[PDB]
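Coordinates in review
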Amino acid sequence: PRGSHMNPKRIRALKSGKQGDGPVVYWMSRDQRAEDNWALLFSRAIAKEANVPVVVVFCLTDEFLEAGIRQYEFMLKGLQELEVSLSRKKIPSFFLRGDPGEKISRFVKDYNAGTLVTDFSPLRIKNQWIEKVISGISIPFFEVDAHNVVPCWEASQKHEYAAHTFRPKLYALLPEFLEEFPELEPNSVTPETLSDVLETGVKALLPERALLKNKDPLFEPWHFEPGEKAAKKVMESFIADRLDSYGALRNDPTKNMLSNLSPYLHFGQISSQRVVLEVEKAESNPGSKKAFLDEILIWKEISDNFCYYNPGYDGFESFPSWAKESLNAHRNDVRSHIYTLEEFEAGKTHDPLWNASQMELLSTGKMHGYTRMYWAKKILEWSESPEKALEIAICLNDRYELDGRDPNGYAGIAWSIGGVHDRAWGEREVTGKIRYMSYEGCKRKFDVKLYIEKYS
DNA sequence: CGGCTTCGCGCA
DNA sequence: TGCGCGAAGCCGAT
Ligand SMILES: Cc1cc2nc3c(=O)[nH]c(=O)nc-3n(C[C@H](O)[C@H](O)[C@H](O)COP(=O)(O)OP(=O)(O)OC[C@H]3O[C@@H](n4cnc5c(N)ncnc54)[C@H](O)[C@@H]3O)c2cc1C
């Protein structure tokens, strides 16, 4: 579909048909940004070829009721800033509400759209909406991978067992797909309220807030400022101040040495490809360079690979054969402690470091990367069944994490609980052959006591 | 056969 | 803290 600085492998056809004489419509779902957006850039390319400007649509689904205010305000505030950035380029953004399978298909008919383009997401709920709107339209369906540097259907054609088998595949395609983003061209001709949906939603999830003893909200919303502009400042501060000391302090939660990009990376408010471009050109510690790149290239995009080829990514069936047999044998093992969902949620466990890990999650909305494994592995060790452990982990992850409901989370949880993209270890009770993490192991690697006192 | 993200453990 | 080893199952280059 035309284009010079345009790789056709980033885009794939989902439904062929006659191209309508109306404007092309971009169904923004996962990448909520104007700059460095392949799906938006590709929508403008066909816009110029057909001499019809691009319009952007968005559907607000009730999946927000499953999460909390922290993710709702972080997402709506970025959309208000996005609405004014697209308006400066003469690109109108339309914010629908309801079922995407019935609202997107309808909006195509009333607006008489000429071409429909959407972003890529390996989640189950994304494929269900696509199959419904396909059966209700006749204009094309082009799906562009604007999140990953290398498209998911191009990086690997099967479920990759681990990273050492996926690392060479990704790095070999890097010189072809790691490129610079062309500038978003504004529209030639020009031819639902964000302020009201925010206040309507907030009053809905108000009773479901996470409160303290004195009816005080636990969440602290001054840690991460949402938006595209604020996301860029986070990257520049990470590269200039934290990139050098990443490789040595990436596993220490007492020091804020992480990029803190996951909330912006999940909602699409910042492009991972842009971060790699700025990182690759940066002159920093080579050890820290590869360590950060492997996290945002190999492990970030294997999560999409795991959720794209395994529909049951959040279930016990996606676990490898060795892990399923080990956990099935240890189902009758007596657990040293048994905690329900309410006790895990409120930090009512005998482990102060697990409670501190939960306390950081409740207050800041972003647990440290290293403590997320201990927070997840101890859940399996202190649960009725491996299914109940997976139930609690996903529920507590998708509810309070600013980067929840992401393939990065489902793959990360399956690694800690089901050994996905991992190997077997010493045989233990309850845990089985799954990788084991202990309190004493954490004490020798970082100052645990400093982590506890910070979060009570 | 070699080697696996992030494991624990003994010992400078 | 930093290093080498242990315990475990299996992909994939041959
Ligand atoms: C049990 C568990 C649950 C997780 N839940 C989520 C989640 O809900 N949402 C989420 O985005 N990630 C999740 N992670 C993955 C990882 O912990 C986070 O991406 C990271 O901690 C976010 O902090 P950061 O961006 O500052 O880390 P950084 O060190 O700055 O990481 C840079 C980027 O690399 C990617 N990345 C980092 N660590 C991992 C990892 N272990 N696996 C895959 N990609 C990674 C992310 O895109 C991240 O933004 C989870 C991991 C585990 C083990």
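Here the residues of each chain are numbered from 1 in the order the sequence is written, which can differ from the numbering of the entry; residues without coordinates are not included. Lettering for chains starts from A, numbering for ligands starts from 1, and both go in the order in which the items are written. Working from all heavy atoms in the structure, the side-chain values ignore hydrogens and water. Residues with missing side-chain atoms are left out of burial classes, side-chain pairs and their counts.

Re helix α4 (residues 124-134)
The line we're drawing: Throughout this description, buried means an accessible area under 20% of the type-specific maximum (1.4 Å probe, protein chains only), exposed means over 50%, and partly exposed covers the range between. Segments assigned H or I by DSSP are reported as helices when at least four residues long, segments assigned E as strands when at least two residues long, and all are numbered from the N terminus. Note: the arc covers the axis-to-C-beta directions of the helix. Whether two residues touch is decided by their heavy atoms; if any such pair falls within 4.5 Å, the residues are in contact.
Listed in full, the buried residues belonging to α4 are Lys126, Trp129, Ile130, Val133 and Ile134. Across the axial projection of α4, the buried residues extend over an arc of 135 degrees, all falling on one side. Exposed residues lying more than 90 degrees from the buried face of α4 are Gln128 and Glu131. Here the buried face of α4 lies against β1 (11-15), β2 (24-27), α3 (100-111), β5 (115-119) and β6 (141-144).

Focus on the domain arrangement of chain A
Heads up, the rule is: Domain borders in the structure are assigned automatically or taken from a domain database. Basically, the charged four are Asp, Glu, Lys and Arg, the nonpolar ten are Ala, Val, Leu, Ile, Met, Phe, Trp, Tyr, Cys and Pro, and anything else, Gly included, counts as polar.
Per the domain assignment, the segments of chain A are domain 1 (1-146), domain 2 (147-315) and domain 3 (316-456). Here the C-alpha centre of domain 3 lies 22 Å away from the C-alpha centre of domain 2. Contact with domain 2, which involves 35 residues of that partner, is made by 36 residues of domain 3. When contributions to the side of domain 2 that touches domain 3 are tallied by element, the ones reaching two or more residues are α11 (262-266) and α13 (286-309). Broken down by element, the residue count for the side of domain 2 that touches domain 3 peaks at seven residues, all from α13. When its residues are assigned to classes, the side of domain 2 that touches domain 3 shows 15 nonpolar, ten polar and ten charged.

Some words on the protein's contact with DNA strand B
This is how it is decided: Note on terminology: near, applied to a residue and a molecule or strand, indicates that one of the residue's heavy atoms is within 4 Å of it. Two N or O atoms count as a polar contact when they lie within 3.5 Å, although within protein this holds only if one can serve as hydrogen donor and the other as acceptor, and sequence-adjacent residues are included solely when both atoms are side-chain atoms.
Around DNA strand B, a shell composed of 19 residues is seen, among which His164, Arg167, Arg250, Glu295 and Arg435 lie nearest. Sugar and phosphate atoms represent 43% of those atoms of DNA strand B found within 4 Å of the protein. Within the contact set of DNA strand B, a base oxygen lies 3.5 Å away from a side-chain nitrogen or oxygen of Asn251. Between DNA strand B and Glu295, the relevant distance is 2.4 Å, taken from a base nitrogen to a side-chain nitrogen or oxygen of the residue. Sorting the residues of the surface near DNA strand B by element identifies α13, α17 (369-381) and α20 (439-445) as the ones contributing at least two each. Residues of the surface near DNA strand B, tallied by class, amount to nine nonpolar, four polar and six charged.

Examining the site of the ligand
Counted only if it meets this: Accessibility throughout is a Shrake-Rupley quantity obtained with a 1.4 Å probe, and a residue counts as covered only by protein chains that appear here.
Of all residues adjacent to the ligand, which total 26 residues, the nearest are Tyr246, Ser259, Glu295, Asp403 and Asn408. The contact in question runs from a nitrogen atom of the ligand to an N or O atom on the side chain of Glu295, over 2.9 Å. Taking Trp299, its main chain carries an N or O atom lying 3.5 Å from a nitrogen atom of the ligand. In isolation the ligand has 820 Å² of accessible area, and contact with the protein removes 91% of it. Listing elements by their share of the shell around the ligand, those giving two or more residues are α11, α13, α17 and α19 (407-418). Top contributing element to the shell around the ligand by residue count: α13, with six residues. Each of domain 2 (147-315) and domain 3 (316-456) accounts for three or more of the residues forming the shell around the ligand.

Let's talk about the state of the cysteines
Rule in force here: The term disulfide is used for any two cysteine sulfur atoms that are within 2.5 Å.
This model, assessed by the stated rule, comprises zero disulfides. In this structure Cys307 is a free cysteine whose sulfur lies 9.1 Å from that of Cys152, the closest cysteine sulfur available.

Describing the nonpolar core
The condition is simple: The set of buried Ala, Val, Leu, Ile, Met, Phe, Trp, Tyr and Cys residues whose side-chain atoms join them within 4.5 Å is what this entry labels a nonpolar core.
One finds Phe319, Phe344, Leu353, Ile379, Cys442 and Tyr451 to be the most contacted residues of the largest nonpolar core, which totals 47 residues. For this core, the elements supplying multiple residues, two or more each, are α13, α14 (321-329), α16 (352-364), α17, α18 (386-400), α19 and α21 (448-454). Domain assignment of the residues forming this core places at least three in each of domain 2 (147-315) and domain 3 (316-456). Excluding residues that lie within four positions of it along the chain, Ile379 makes contacts with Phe344, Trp354, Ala389, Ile392, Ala393 and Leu396.

Topic: the packing of aromatic side chains
Definition in use: Aromatic pairs are defined between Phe, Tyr and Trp rings, using the six-membered ring for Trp, whenever the two ring centres lie within 6.5 Å; interplanar angles under 30 degrees are classed as stacked, those over 60 as edge-to-face, and all others as tilted. Placement of a positive charge over a ring is assigned whenever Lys NZ or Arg CZ falls within 6 Å of the ring centre and within 35 degrees of the normal to the ring plane.
Scanning the entire structure with this criterion turns up 24 aromatic pairs. Arranged with centres 4.8 Å apart and planes meeting at 50 degrees, the rings of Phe238 and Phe292 form a pair that is tilted. Pair noted here: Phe238 is in helix α9 (residues 228-242) and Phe292 is in helix α13, with a separation of 54 residues, a long-range link. The exposure class of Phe238 is buried, given its relative accessible area of 0%. With a centroid separation of 4.9 Å and 40 degrees between ring planes, the pair formed by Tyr313 and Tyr410 is classed as tilted. Here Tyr313, found in the loop between α13 and α14, pairs with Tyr410, found in helix α19; they are 97 residues apart in sequence, far enough to count as distant. Of the two residues examined, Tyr313 and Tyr410, each falls in the buried class. Each residue in the set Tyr339, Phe344, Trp354, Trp375 and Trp382 is aromatic and connected to the rest through ring pairs, giving one cluster. Here the guanidinium or amino end of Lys126 rests over the ring plane of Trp27, the centre of that ring lying 5.1 Å away. The ring of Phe316 carries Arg331 above its face, with NZ or CZ at 5.0 Å from the centroid.

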